[PDB]
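Undergrad: Coordinates in input-v3.pdb, PDB, C-alpha atoms (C1' of nucleotides) and all ligand atoms, are listed below.
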ATOM      1  CA  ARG A 114       2.308  41.242  91.456  1.00  0.00           C
ATOM      2  CA  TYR A 115       3.321  39.913  94.872  1.00  0.00           C
ATOM      3  CA  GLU A 116       0.027  41.081  96.383  1.00  0.00           C
ATOM      4  CA  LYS A 117      -2.123  39.291  93.809  1.00  0.00           C
ATOM      5  CA  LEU A 118       0.108  36.200  93.961  1.00  0.00           C
ATOM      6  CA  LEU A 119       0.048  36.019  97.770  1.00  0.00           C
ATOM      7  CA  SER A 120      -3.725  36.484  98.093  1.00  0.00           C
ATOM      8  CA  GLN A 121      -4.461  33.342  96.048  1.00  0.00           C
ATOM      9  CA  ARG A 122      -4.406  29.814  97.495  1.00  0.00           C
ATOM     10  CA  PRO A 123      -3.167  26.668  95.695  1.00  0.00           C
ATOM     11  CA  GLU A 124      -5.381  23.604  95.401  1.00  0.00           C
ATOM     12  CA  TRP A 125      -4.671  20.786  97.846  1.00  0.00           C
ATOM     13  CA  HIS A 126      -3.434  17.451  96.487  1.00  0.00           C
ATOM     14  CA  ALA A 127      -2.938  14.230  98.429  1.00  0.00           C
ATOM     15  CA  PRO A 128       0.664  13.043  99.046  1.00  0.00           C
ATOM     16  CA  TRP A 129       2.219  10.228  97.019  1.00  0.00           C
ATOM     17  CA  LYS A 130       3.890   7.111  98.445  1.00  0.00           C
ATOM     18  CA  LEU A 131       5.765   4.095  97.041  1.00  0.00           C
ATOM     19  CA  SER A 132       3.556   1.105  96.176  1.00  0.00           C
ATOM     20  CA  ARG A 133       5.721  -1.374  94.281  1.00  0.00           C
ATOM     21  CA  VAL A 134       9.315  -1.871  93.115  1.00  0.00           C
ATOM     22  CA  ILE A 135       9.957  -4.031  90.040  1.00  0.00           C
ATOM     23  CA  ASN A 136      13.391  -5.379  89.118  1.00  0.00           C
ATOM     24  CA  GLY A 137      14.231  -7.223  85.909  1.00  0.00           C
ATOM     25  CA  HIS A 138      16.007  -4.884  83.533  1.00  0.00           C
ATOM     26  CA  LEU A 139      19.774  -5.397  83.285  1.00  0.00           C
ATOM     27  CA  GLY A 140      20.514  -1.734  82.500  1.00  0.00           C
ATOM     28  CA  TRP A 141      18.986   1.636  83.483  1.00  0.00           C
ATOM     29  CA  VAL A 142      15.276   2.061  82.694  1.00  0.00           C
ATOM     30  CA  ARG A 143      15.311   4.854  80.084  1.00  0.00           C
ATOM     31  CA  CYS A 144      11.660   5.192  78.924  1.00  0.00           C
ATOM     32  CA  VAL A 145       8.085   4.231  79.954  1.00  0.00           C
ATOM     33  CA  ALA A 146       4.825   4.192  78.038  1.00  0.00           C
ATOM     34  CA  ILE A 147       1.363   3.233  79.342  1.00  0.00           C
ATOM     35  CA  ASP A 148      -1.260   1.351  77.224  1.00  0.00           C
ATOM     36  CA  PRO A 149      -3.220   4.430  76.114  1.00  0.00           C
ATOM     37  CA  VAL A 150      -6.410   2.452  75.328  1.00  0.00           C
ATOM     38  CA  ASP A 151      -7.177  -0.121  78.051  1.00  0.00           C
ATOM     39  CA  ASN A 152      -4.540   0.882  80.731  1.00  0.00           C
ATOM     40  CA  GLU A 153      -3.738  -2.860  81.097  1.00  0.00           C
ATOM     41  CA  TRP A 154       0.059  -2.841  80.622  1.00  0.00           C
ATOM     42  CA  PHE A 155       3.095  -0.607  80.349  1.00  0.00           C
ATOM     43  CA  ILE A 156       6.296  -0.956  78.318  1.00  0.00           C
ATOM     44  CA  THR A 157       9.879   0.029  79.321  1.00  0.00           C
ATOM     45  CA  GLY A 158      13.072   0.484  77.290  1.00  0.00           C
ATOM     46  CA  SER A 159      16.575   0.140  78.724  1.00  0.00           C
ATOM     47  CA  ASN A 160      20.371   0.515  78.358  1.00  0.00           C
ATOM     48  CA  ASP A 161      20.352  -3.330  77.998  1.00  0.00           C
ATOM     49  CA  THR A 162      18.770  -2.716  74.504  1.00  0.00           C
ATOM     50  CA  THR A 163      15.612  -4.750  75.312  1.00  0.00           C
ATOM     51  CA  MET A 164      12.039  -3.663  75.817  1.00  0.00           C
ATOM     52  CA  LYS A 165       9.906  -5.276  78.519  1.00  0.00           C
ATOM     53  CA  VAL A 166       6.106  -5.275  78.812  1.00  0.00           C
ATOM     54  CA  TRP A 167       4.683  -5.263  82.327  1.00  0.00           C
ATOM     55  CA  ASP A 168       1.203  -6.082  83.658  1.00  0.00           C
ATOM     56  CA  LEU A 169       0.187  -2.891  85.538  1.00  0.00           C
ATOM     57  CA  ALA A 170      -2.066  -4.697  88.061  1.00  0.00           C
ATOM     58  CA  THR A 171       0.311  -7.494  89.191  1.00  0.00           C
ATOM     59  CA  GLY A 172       3.665  -5.912  88.130  1.00  0.00           C
ATOM     60  CA  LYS A 173       4.652  -9.197  86.479  1.00  0.00           C
ATOM     61  CA  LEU A 174       6.571  -9.547  83.208  1.00  0.00           C
ATOM     62  CA  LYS A 175       4.343 -10.210  80.186  1.00  0.00           C
ATOM     63  CA  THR A 176       6.924 -10.365  77.376  1.00  0.00           C
ATOM     64  CA  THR A 177      10.324  -9.085  76.266  1.00  0.00           C
ATOM     65  CA  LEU A 178      10.789  -7.333  72.920  1.00  0.00           C
ATOM     66  CA  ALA A 179      14.374  -7.651  71.641  1.00  0.00           C
ATOM     67  CA  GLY A 180      14.877  -5.628  68.471  1.00  0.00           C
ATOM     68  CA  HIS A 181      17.589  -3.031  69.134  1.00  0.00           C
ATOM     69  CA  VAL A 182      21.393  -3.188  69.406  1.00  0.00           C
ATOM     70  CA  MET A 183      21.843  -0.053  71.607  1.00  0.00           C
ATOM     71  CA  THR A 184      19.874   1.846  74.296  1.00  0.00           C
ATOM     72  CA  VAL A 185      16.152   2.158  73.668  1.00  0.00           C
ATOM     73  CA  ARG A 186      15.709   5.877  74.341  1.00  0.00           C
ATOM     74  CA  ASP A 187      11.953   6.370  73.829  1.00  0.00           C
ATOM     75  CA  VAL A 188       8.795   4.308  73.296  1.00  0.00           C
ATOM     76  CA  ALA A 189       5.350   5.405  72.177  1.00  0.00           C
ATOM     77  CA  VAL A 190       2.154   3.366  71.779  1.00  0.00           C
ATOM     78  CA  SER A 191      -0.481   4.637  69.334  1.00  0.00           C
ATOM     79  CA  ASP A 192      -4.056   5.018  70.569  1.00  0.00           C
ATOM     80  CA  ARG A 193      -5.398   4.897  66.985  1.00  0.00           C
ATOM     81  CA  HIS A 194      -3.344   1.918  65.733  1.00  0.00           C
ATOM     82  CA  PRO A 195      -2.091  -1.371  67.352  1.00  0.00           C
ATOM     83  CA  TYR A 196       1.497  -0.130  66.963  1.00  0.00           C
ATOM     84  CA  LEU A 197       4.435   0.462  69.272  1.00  0.00           C
ATOM     85  CA  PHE A 198       7.097   2.865  68.029  1.00  0.00           C
ATOM     86  CA  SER A 199      10.584   2.696  69.516  1.00  0.00           C
ATOM     87  CA  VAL A 200      13.806   4.627  68.923  1.00  0.00           C
ATOM     88  CA  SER A 201      17.371   3.935  69.915  1.00  0.00           C
ATOM     89  CA  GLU A 202      20.917   5.244  70.207  1.00  0.00           C
ATOM     90  CA  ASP A 203      21.674   2.842  67.294  1.00  0.00           C
ATOM     91  CA  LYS A 204      20.036   5.510  64.999  1.00  0.00           C
ATOM     92  CA  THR A 205      17.038   3.304  64.081  1.00  0.00           C
ATOM     93  CA  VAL A 206      13.316   4.026  64.402  1.00  0.00           C
ATOM     94  CA  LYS A 207      11.209   0.852  64.518  1.00  0.00           C
ATOM     95  CA  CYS A 208       7.477   0.105  64.515  1.00  0.00           C
ATOM     96  CA  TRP A 209       6.186  -3.044  66.218  1.00  0.00           C
ATOM     97  CA  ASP A 210       2.895  -4.712  65.311  1.00  0.00           C
ATOM     98  CA  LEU A 211       1.404  -5.506  68.719  1.00  0.00           C
ATOM     99  CA  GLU A 212      -0.966  -8.055  67.120  1.00  0.00           C
ATOM    100  CA  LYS A 213       2.164 -10.153  66.434  1.00  0.00           C
ATOM    101  CA  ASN A 214       4.970  -8.714  68.703  1.00  0.00           C
ATOM    102  CA  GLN A 215       7.158  -8.240  65.628  1.00  0.00           C
ATOM    103  CA  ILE A 216       8.894  -5.367  63.876  1.00  0.00           C
ATOM    104  CA  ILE A 217       7.081  -4.529  60.644  1.00  0.00           C
ATOM    105  CA  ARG A 218       8.605  -1.160  59.612  1.00  0.00           C
ATOM    106  CA  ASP A 219      11.952   0.618  59.844  1.00  0.00           C
ATOM    107  CA  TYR A 220      12.277   4.379  59.348  1.00  0.00           C
ATOM    108  CA  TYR A 221      15.670   5.430  58.007  1.00  0.00           C
ATOM    109  CA  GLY A 222      17.479   8.750  57.739  1.00  0.00           C
ATOM    110  CA  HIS A 223      18.584   9.974  61.161  1.00  0.00           C
ATOM    111  CA  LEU A 224      22.288  10.897  61.093  1.00  0.00           C
ATOM    112  CA  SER A 225      22.816  10.243  64.822  1.00  0.00           C
ATOM    113  CA  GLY A 226      21.209   8.584  67.855  1.00  0.00           C
TER     114      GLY A 226
ATOM    115  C1'   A B   1     -46.699 -42.099  14.070  1.00  0.00           C
ATOM    116  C1'   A B   2     -49.070 -40.408   9.719  1.00  0.00           C
ATOM    117  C1'   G B   3     -55.169 -39.468   7.437  1.00  0.00           C
ATOM    118  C1'   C B   4     -58.649 -35.200   9.573  1.00  0.00           C
ATOM    119  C1'   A B   5     -59.918 -30.639  13.304  1.00  0.00           C
ATOM    120  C1'   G B   6     -56.845 -26.624  16.859  1.00  0.00           C
ATOM    121  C1'   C B   7     -51.810 -23.631  17.461  1.00  0.00           C
ATOM    122  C1'   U B   8     -47.755 -21.623  14.626  1.00  0.00           C
ATOM    123  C1'   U B   9     -47.591 -19.114  10.504  1.00  0.00           C
ATOM    124  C1'   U B  10     -44.761 -18.110   5.967  1.00  0.00           C
ATOM    125  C1'   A B  11     -43.856 -18.713  -0.436  1.00  0.00           C
ATOM    126  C1'   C B  12     -48.155 -16.750  -1.565  1.00  0.00           C
ATOM    127  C1'   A B  13     -53.739 -15.140  -3.475  1.00  0.00           C
ATOM    128  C1'   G B  14     -57.685 -12.425  -0.907  1.00  0.00           C
ATOM    129  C1'   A B  15     -62.088  -9.455   2.243  1.00  0.00           C
ATOM    130  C1'   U B  16     -59.755  -5.621   4.685  1.00  0.00           C
ATOM    131  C1'   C B  17     -56.665  -2.353   2.051  1.00  0.00           C
ATOM    132  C1'   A B  18     -60.146   1.768   7.336  1.00  0.00           C
ATOM    133  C1'   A B  19     -60.157   1.419  12.874  1.00  0.00           C
ATOM    134  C1'   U B  20     -56.569  -1.827  15.696  1.00  0.00           C
ATOM    135  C1'   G B  21     -53.095  -4.821  18.416  1.00  0.00           C
ATOM    136  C1'   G B  22     -48.181  -8.439  17.699  1.00  0.00           C
ATOM    137  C1'   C B  23     -43.084  -8.538  16.412  1.00  0.00           C
ATOM    138  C1'   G B  24     -39.095  -6.178  14.098  1.00  0.00           C
ATOM    139  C1'   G B  25     -37.102  -1.361  11.721  1.00  0.00           C
ATOM    140  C1'   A B  26     -35.441   4.783  13.577  1.00  0.00           C
ATOM    141  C1'   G B  27     -26.567   3.623  12.434  1.00  0.00           C
ATOM    142  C1'   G B  28     -24.968  -4.228  10.319  1.00  0.00           C
ATOM    143  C1'   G B  29     -21.720  -8.762  11.059  1.00  0.00           C
ATOM    144  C1'   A B  30     -17.005 -11.441  12.023  1.00  0.00           C
ATOM    145  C1'   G B  31     -12.375 -10.749  13.635  1.00  0.00           C
ATOM    146  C1'   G B  32      -7.350  -7.868  15.991  1.00  0.00           C
ATOM    147  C1'   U B  33      -0.325 -11.207  19.657  1.00  0.00           C
ATOM    148  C1'   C B  34      -5.063  -3.307  19.492  1.00  0.00           C
ATOM    149  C1'   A B  35      -5.962   0.363  23.592  1.00  0.00           C
ATOM    150  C1'   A B  36      -8.455   2.417  27.924  1.00  0.00           C
ATOM    151  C1'   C B  37     -11.525   1.868  32.155  1.00  0.00           C
ATOM    152  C1'   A B  38     -14.020  -1.311  35.832  1.00  0.00           C
ATOM    153  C1'   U B  39     -13.172  -5.897  38.540  1.00  0.00           C
ATOM    154  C1'   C B  40     -10.901 -10.787  40.391  1.00  0.00           C
ATOM    155  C1'   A B  41     -10.088 -14.355  47.637  1.00  0.00           C
ATOM    156  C1'   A B  42     -14.743 -13.174  50.668  1.00  0.00           C
ATOM    157  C1'   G B  43     -19.689 -14.169  57.320  1.00  0.00           C
ATOM    158  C1'   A B  44     -19.801 -19.340  51.249  1.00  0.00           C
ATOM    159  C1'   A B  45     -18.161 -15.048  51.590  1.00  0.00           C
ATOM    160  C1'   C B  46     -23.059 -10.479  45.415  1.00  0.00           C
ATOM    161  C1'   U B  47     -25.467  -5.820  43.649  1.00  0.00           C
ATOM    162  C1'   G B  48     -29.770  -2.919  42.615  1.00  0.00           C
ATOM    163  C1'   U B  49     -34.831  -1.643  44.214  1.00  0.00           C
ATOM    164  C1'   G B  50     -40.110  -1.254  47.133  1.00  0.00           C
ATOM    165  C1'   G B  51     -41.787  -1.277  52.534  1.00  0.00           C
ATOM    166  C1'   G B  52     -40.217  -1.335  57.759  1.00  0.00           C
ATOM    167  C1'   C B  53     -35.201  -0.162  61.386  1.00  0.00           C
ATOM    168  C1'   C B  54     -30.750   1.611  65.755  1.00  0.00           C
ATOM    169  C1'   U B  55     -27.784   6.239  64.653  1.00  0.00           C
ATOM    170  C1'   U B  56     -33.216  10.882  68.089  1.00  0.00           C
ATOM    171  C1'   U B  57     -35.672  10.861  63.337  1.00  0.00           C
ATOM    172  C1'   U B  58     -32.186   5.650  61.015  1.00  0.00           C
ATOM    173  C1'   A B  59     -29.922   9.174  56.133  1.00  0.00           C
ATOM    174  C1'   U B  60     -26.366   6.461  51.506  1.00  0.00           C
ATOM    175  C1'   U B  61     -24.235   2.720  54.423  1.00  0.00           C
ATOM    176  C1'   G B  62     -24.865  -1.554  59.501  1.00  0.00           C
ATOM    177  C1'   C B  63     -30.491  -4.407  60.748  1.00  0.00           C
ATOM    178  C1'   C B  64     -35.607  -6.924  59.215  1.00  0.00           C
ATOM    179  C1'   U B  65     -38.607  -8.117  54.990  1.00  0.00           C
ATOM    180  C1'   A B  66     -40.304  -8.430  49.678  1.00  0.00           C
ATOM    181  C1'   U B  67     -38.168  -9.073  44.744  1.00  0.00           C
ATOM    182  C1'   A B  68     -35.153  -9.012  39.795  1.00  0.00           C
ATOM    183  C1'   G B  69     -30.575 -10.319  37.944  1.00  0.00           C
ATOM    184  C1'   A B  70     -25.303 -12.342  38.865  1.00  0.00           C
ATOM    185  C1'   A B  71     -20.113 -12.314  34.201  1.00  0.00           C
ATOM    186  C1'   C B  72     -15.098 -14.324  35.637  1.00  0.00           C
ATOM    187  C1'   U B  73     -12.514 -17.183  39.955  1.00  0.00           C
ATOM    188  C1'   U B  74     -12.742 -21.510  43.927  1.00  0.00           C
ATOM    189  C1'   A B  75     -13.346 -27.416  47.620  1.00  0.00           C
ATOM    190  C1'   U B  76      -7.631 -33.101  47.035  1.00  0.00           C
ATOM    191  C1'   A B  77     -10.068 -24.447  47.623  1.00  0.00           C
ATOM    192  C1'   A B  78      -7.856 -20.379  43.309  1.00  0.00           C
ATOM    193  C1'   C B  79      -7.360 -15.618  38.334  1.00  0.00           C
ATOM    194  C1'   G B  80      -1.638 -19.331  36.231  1.00  0.00           C
ATOM    195  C1'   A B  81      -3.521 -27.829  35.675  1.00  0.00           C
ATOM    196  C1'   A B  82       2.559 -22.902  35.394  1.00  0.00           C
ATOM    197  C1'   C B  83       6.372 -21.282  38.932  1.00  0.00           C
ATOM    198  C1'   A B  84      10.759 -17.026  39.891  1.00  0.00           C
ATOM    199  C1'   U B  85      13.158 -13.213  42.788  1.00  0.00           C
ATOM    200  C1'   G B  86      13.608  -9.656  46.761  1.00  0.00           C
ATOM    201  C1'   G B  87      13.012  -7.166  51.891  1.00  0.00           C
ATOM    202  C1'   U B  88      12.690  -7.706  57.500  1.00  0.00           C
ATOM    203  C1'   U B  89      12.964 -10.851  61.821  1.00  0.00           C
ATOM    204  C1'   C B  90      13.998 -15.642  64.081  1.00  0.00           C
ATOM    205  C1'   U B  91      16.465 -20.379  63.975  1.00  0.00           C
ATOM    206  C1'   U B  92      20.359 -23.228  61.253  1.00  0.00           C
ATOM    207  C1'   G B  93      24.440 -24.499  57.816  1.00  0.00           C
ATOM    208  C1'   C B  94      29.219 -23.437  55.516  1.00  0.00           C
ATOM    209  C1'   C B  95      32.268 -20.217  58.127  1.00  0.00           C
ATOM    210  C1'   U B  96      38.790 -15.593  59.389  1.00  0.00           C
ATOM    211  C1'   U B  97      35.290 -10.437  58.003  1.00  0.00           C
ATOM    212  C1'   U B  98      31.272  -8.191  54.388  1.00  0.00           C
ATOM    213  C1'   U B  99      28.964  -9.151  49.837  1.00  0.00           C
ATOM    214  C1'   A B 100      27.618 -13.624  47.503  1.00  0.00           C
ATOM    215  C1'   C B 101      25.417 -18.054  50.080  1.00  0.00           C
ATOM    216  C1'   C B 102      23.117 -23.107  53.218  1.00  0.00           C
ATOM    217  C1'   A B 103      17.319 -23.957  54.272  1.00  0.00           C
ATOM    218  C1'   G B 104      13.505 -23.965  57.186  1.00  0.00           C
ATOM    219  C1'   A B 105       9.754 -20.569  59.568  1.00  0.00           C
ATOM    220  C1'   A B 106       6.830 -16.037  60.098  1.00  0.00           C
ATOM    221  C1'   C B 107       5.292 -11.354  58.115  1.00  0.00           C
TER     222        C B 107
HETATM  223 MG    MG A 301      36.965  -4.245  58.321  1.00  0.00          MG
END
The structure in this file should be written as structure tokens.
TA:
Amino acid sequence: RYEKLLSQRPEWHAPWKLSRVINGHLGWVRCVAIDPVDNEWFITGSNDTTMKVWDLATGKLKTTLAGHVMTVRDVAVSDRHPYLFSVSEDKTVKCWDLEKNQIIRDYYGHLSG
RNA sequence: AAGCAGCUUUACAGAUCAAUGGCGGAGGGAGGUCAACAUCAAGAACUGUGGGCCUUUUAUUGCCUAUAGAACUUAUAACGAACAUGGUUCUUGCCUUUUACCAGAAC
């Protein structure tokens, strides 16, 4: 096993470095999702219960989505629908219509966060 | 517009009473505080069908063109010359808290 592991060579990859730092959340940044269709923007959820949408090219703040009362723990954008799904420590699961920037559906039944 | 000739013919009477073609007949009408199914808000916005068309063979759809038929609804835009409630979010009001609520918006 060690022979056949040591003979092989890993592929080279270029190093990473820091490009930009964005501040504007009031709590810890807990989740990120990229625009899975056009790569134009990304969204972040936070301990400050908001969600913020960021222009990926300039890093500037597009809009703030305020629809949770506790930490937004995860965010997911659908590639087949114009929908953002978000979940929180406040036990709610919410769908946002990105053609209006409004909650349109709540999904109920989780006992805990 | 009536008197006469042409079209229509039908209550009839014929040649014909054969060979034809025309229009009907081979399961009736009016109703029901009966039912089921289909359909009713959209490029002013409809479906079928003949020929041509991008999907690599244009198929059934989307496009061009020819043509037959469109019931209901609608421009001081809606089936309803009528008019309720509820959910979510936002902003207000009353406000000791929730329900029940104040009244505007959006979906
Ligand atoms: Mg209490």
Undergrad: Quick one, how far is atom CA of residue 188 of chain A from atom CA of residue 144 of chain A?
TA: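 Interatomic distance here is 6.4 Å.
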Undergrad: Kindly provide the residues of chain B that approach chain A to within 12 Å, each paired with its closest atom pair and their distance in Å to one decimal, based on all atoms listed in the file, listed by chain and increasing number, as a tab-separated table.
TA:
residue	atom	partner	partner_atom	distance
B:87	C1'	A:218	CA	10.7
B:88	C1'	A:217	CA	7.2
B:89	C1'	A:216	CA	7.1
B:90	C1'	A:215	CA	10.2
B:106	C1'	A:215	CA	9.6
B:107	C1'	A:217	CA	7.5
Undergrad: Going by the chain IDs and residue numbers used in this file, which residues fall under the PyMOL selection byres (((not hetatm)) within 12 of (chain A and resi 301))? Write them as a list in words.
TA: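 On this input, the PyMOL selection byres (((not hetatm)) within 12 of (chain A and resi 301)) captures residues 96, 97 and 98 of chain B.
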Undergrad: Atom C1' of residue 74 of chain B and atom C1' of residue 44 of chain B, how far apart in Å?
TA: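 We find that atom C1' of residue 44 of chain B and atom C1' of residue 74 of chain B lie 10.4 Å from each other.
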Undergrad: On this file, the PyMOL selection byres (((chain B and resi 40) around 8) and not hetatm) gives some set of residues; write that set as a ChimeraX atom specification.
TA: /B:39,72-73,79
Undergrad: Based on the selection just made, write C-alpha atoms (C1' of nucleotides) of those residues as a PDB file, in the coordinates of the input.
TA:
ATOM      1  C1'   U B  39     -13.172  -5.897  38.540  1.00  0.00           C
ATOM      2  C1'   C B  72     -15.098 -14.324  35.637  1.00  0.00           C
ATOM      3  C1'   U B  73     -12.514 -17.183  39.955  1.00  0.00           C
ATOM      4  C1'   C B  79      -7.360 -15.618  38.334  1.00  0.00           C
TER       5        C B  79
END
